[PDB]
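Participant: My questions all concern the structure below.
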């Protein structure tokens, strides 16, 4: 019921901001803040009003709210929006990140600003629609239309048409690397539906009847690779992640909040929801390749993070290290491991968003991007580097932050299922420390005479500090007290694991 | 009595105030609030200590809230205040109180003031969490809590980068130990399910009817965690470099706070180490080989702070032996004495290096008895206890008891190790004060007089002596494995240690009382410098631990200065663009070849149809 409205407010707000662009220029900032407030209101209403602590073994079909509507009846394509417990965590996270995106874009007036915000709400609404998606075509359409408006963001707002490096390399690799694999998973969807159409005799694009379709061995394996390729180019996996640092280092850091904190979520959401249950034996065969790619991703991202000299590419290469833990979590037979991935995933978004906001904040203070050029700014800034120290501290497994409990319950479940690949995996924490300290010492520890421009520094406004203070206190409560959201996700995680166990 | 969290909240909350009053407060109010947090901690500790005496040595547990709870994974914020943990709390909330009260006077006059009293409170708070934890998890929060605080205090002076660079080697090395520590934590949950210490104690033999082979992996790798955090051979790197910070943080790190975490883990899991005897004796094996290493490196270099540091390494491993010889209460008795002398010994040295005014040498000063005898009596009291002198010393009872226990274990190599350690402690006892305080004063050490440090000096003077040895720590509340006692040979071993100490003290005094030309000759002899260079490398261990992984790590980082796999999956774009350029060059514009293309399409279509 609430789901059609909850995916449509982003699109309605873009229309109204661009409508009132003719009326005024200070309107869309204040319009956008209220519209994202309504998005979190409906999302938090579903958290509180709904039975978040529901039955742990109520089957694979279980939803607090559900919407159905005929869209293309010839294939049974329907607007099958349906919200689960873990999907509701995803919706509340993106509503909060949308508030941060529209708050960081405050006091940013240009030649056109309504165009920026209709695009801003369009891309955030696309991610919400992926998170509420049970029909395969609706899932794919939303997956691919959140991908078009970021291209305009990197192009027309990466820099205003002055340098050609903001389109022809950064934005173009971002677009092609995702869309080729999106078309791969579309033909994977179609091969799965056609083998189901031979089995039964109905053209259906719905998840519940495609869940248990009979397929011979050696056939569903190729479709599982087809799903995983599109789910491995969106979250950074080892062979195909070259788009991520270019995308984050060129887009404005509000666009980078969208590009890191929430676009990385949807691929592991799809690995939990759409790839694991549909292909149980194929995923059981593919598991060790996934573990090898996971350990390679953690070690690889940390080394490339240590070796880099700038900051946006630095945090962009932390992200690829973080997601390796999540991939190993998903491809195991443990309930605790999956519940560790969820808390690690929410904390991943919350620990990347603050760093990107602050890195963009530091650049507009000093007008210099290279990290090794500055140094010793602690005597000049009064609140930026202290808050930045805790966010760099929250990146690695420091307890009292959500990242520690996240990565570390994965390791418990991972050692429960398989010893040797887990005992390799744990060493990324040592490597997490070295790139964390490298960031901290090269940027803030030292003498302010490392740069001439490090001798005249501005002040920090109240609202940026307010939205940084909220994230640090929110992330500490998730580290100390993670029970409420684990009780929320228990049943959804449990039935996925029980199906992955029982179907093999 | 429902006041355990006040030993954690009151310090920790004070840190938050000093973490946001970044120098905007004045000197006096910042000084009072920084000392008062630890002062309230000691007072609440004393109340629960005297109530623990009123409890009849009955343990008191308090769960605040469950941390995380999955249906097979139950972790809670459980605090246990038993006899072993009360003693380890007593050391911290007294020593940190005394060390931090000195810092109220030592820190003033320079910047970074509110910053330093912020991170000291966090350092103390992390150490209290480790020794009161009831679950191995919460205790893990203690381990890397105090490690990050050692990073924030070793590299406290961020201006020059020597001490600013010395902290990360400790940080890397302590997290290697923490990986080793968490490995055993995974194995214990896989094997025995619950991580509570007592429930683990009477769950371990129930689950172990059939298979035992994998418990040695748990316990050996648990041991690898304990050793690394304080000091031991496989990971002895950072304690020389930890001296690059200020004097009060060296006392806190090296005396009784952070280095007393590896002792608490072996002692708390003593029944768990009793489940396997050979992993218990292996602690003493590694302890016996580190007393042979950690001693004479104090004699080698001319840095006073490196002197006090190699002595701490020797003493901590001396404990590991004491725990390996199944003498548990005696080892904590050694700790109860050891905290008192080391902290004062470190602190007094700081007062005189304030008076030295940038000397940092042991060979260019002399005749310091006439400058101020207060620091003279400070080193003197510390030296006597360390050397195992029988004259009104505090720690000699602890050495006598553990060697009685060690010979009750019956390991002649361990008494040989104990005998050479007593001789070696007496060697570097008075050699430092004889080479520094005796001679001629060509550079005057300007002594500073003030009641603000004299009163804690008198308190530390009256505490480090044998008056403090009369305070028996609470050891009857845990009922550990009983430290066995020997009679008849107790007087024989006591006089043997006294003779060994006296011979070492007389040899140092004979080194002093000679011309020192033979000392100069052995400090100039080529085999002497070879051994000095060999033990500059300290059995090559820092040499080996740098050149085994560091330059391979820098080499693979230099090979990863440009990202390989991003480039090697760009070759589809490279092949497509170059193949597209070739296809564009294939077009001509001359219309004869267009019609030839039409004929050559007809030829291939007919050929492709005739092969079907």
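Determined by electron microscopy, 3.8 Å, according to the entry header.
Each Cβ is built from the backbone N, Cα and C atoms, and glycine gets one as well.
Copied straight from Swiss-Prot:
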TRANSMEM  A:1-21  transmembrane segment
TOPO_DOM  A:22-29  topological domain 'Cytoplasmic'
TRANSMEM  A:30-50  transmembrane segment
TOPO_DOM  A:51-82  topological domain 'Periplasmic'
TRANSMEM  A:83-103  transmembrane segment
TOPO_DOM  A:104-121  topological domain 'Cytoplasmic'
TOPO_DOM  A:143-173  topological domain 'Periplasmic'
TRANSMEM  A:174-194  transmembrane segment
TOPO_DOM  A:195-221  topological domain 'Cytoplasmic'
TRANSMEM  A:222-242  transmembrane segment
TOPO_DOM  A:243-258  topological domain 'Periplasmic'
TRANSMEM  A:259-279  transmembrane segment
TOPO_DOM  A:280-285  topological domain 'Cytoplasmic'
TOPO_DOM  A:307-313  topological domain 'Periplasmic'
TRANSMEM  A:314-334  transmembrane segment
TOPO_DOM  A:335-339  topological domain 'Cytoplasmic'
TRANSMEM  A:340-360  transmembrane segment
TOPO_DOM  A:361-382  topological domain 'Periplasmic'
TRANSMEM  A:383-403  transmembrane segment
TRANSMEM  A:404-424  transmembrane segment
TRANSMEM  A:426-446  transmembrane segment
TOPO_DOM  A:447-464  topological domain 'Cytoplasmic'
TRANSMEM  A:465-485  transmembrane segment
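Context for these features, please: burial, neighbours, distances.
Facilitator: Taken residue by residue, the topological domain 'Cytoplasmic' (A:22-29) breaks down under DSSP into 3 helix, 0 strand, 5 coil.
Here the topological domain 'Cytoplasmic' (A:104-121) has Cβ contacts under 8 Å with residues 10-11, 13-15, 17-18, 20-21, 25-26, 28-29, 31-33, 35, 98, 149, 152-153, 157, 253-254, 257-258, 357, 360, 463-464, 467 of the same chain, all six or more residues outside its ends.
According to DSSP, the topological domain 'Cytoplasmic' (A:195-221) comprises 11 helix, 0 strand, 16 coil.
Within its own chain, the topological domain 'Periplasmic' (A:243-258) has Cβ neighbours under 8 Å at 97, 100-101, 104-105, 120, 123-124, 127, 150, 153-154, 157-159, 165-166, 169-171, 173-174, 177-178, 233, 236, 310, 312-313, 315-317, 319-320, 353, 356-357, 359-360, counting only residues six or more beyond its boundaries.
When Cβ-Cβ distances below 8 Å are used as the criterion, the transmembrane segment (A:259-279) is approached by residues 60, 84, 86-87, 90, 93-94, 97, 124, 127, 130-131, 136, 139, 143, 146, 150, 192, 207, 210-211, 220-221, 223-224, 227-228, 230-232, 234-236, 247-248, 251, 315-316, 319, 323, 326-327, 330, 338, 341, 345, 348-350, 352-353, 356, 493, 496, 499-500, 503 of the same chain, each at least six residues removed from its ends.
Panel annotation: around the topological domain 'Cytoplasmic' (A:280-285), residues 217, 220-221, 223-224, 331, 499-500, 503-504 of the same chain, lying at least six beyond its termini, place a Cβ under 8 Å from a Cβ of the stretch.
Secondary structure of the topological domain 'Periplasmic' (A:307-313) per DSSP, as helix, strand and coil residue counts: 2 helix, 0 strand, 5 coil.
Residues 235-237, 241, 244-245, 247-249, 260, 264, 268, 271-272, 276, 283, 286-287, 290-291, 293-302, 304-305, 308, 340-341, 344-345, 348, 352, 355-356, 359, 371, 395, 403, 406-407, 410-411, 413-414, 416-418, 421-422, 425, 428, 431-432, 435, 439, 497, 500-501 of the same chain sit 6 or more residues outside the transmembrane segment (A:314-334) yet have a Cβ under 8 Å from a Cβ within it.
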Participant: Could you give the number of helix, strand and coil residues in the topological domain 'Periplasmic' (A:51-82) as assigned by DSSP?
Facilitator: 0 helix, 8 strand, 24 coil
Participant: Give the one range among A:83-103, A:340-360, A:426-446 whose Cβ atoms make the most pairs under 8 Å with those of the transmembrane segment (A:465-485).
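Facilitator: Comparing A:83-103, A:340-360, A:426-446: A:340-360 has the most Cβ pairs near the transmembrane segment (A:465-485).
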Participant: Six or more residues out from either end of the transmembrane segment (A:30-50), which same-chain residues have a Cβ under 8 Å from its Cβ atoms?
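Facilitator: Cβ under 8 Å, 6 or more out: 2, 5-6, 9-10, 12-13, 16-17, 20, 64-65, 83, 88, 91-92, 95-96, 98-99, 102-103, 105-106, 117, 120-121, 124, 128, 488.
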Participant: Answer yes if the transmembrane segment (A:340-360) and the transmembrane segment (A:404-424) have at least three CB pairs under 8 Å among residue pairs 6 or more apart in sequence, and no otherwise.
Facilitator: yes
Participant: Give the one range among A:83-103, A:222-242, A:404-424, A:426-446 whose Cβ atoms make the most pairs under 8 Å with those of the transmembrane segment (A:1-21).
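Facilitator: It is A:83-103 that shares the most Cβ pairs under 8 Å with the transmembrane segment (A:1-21).
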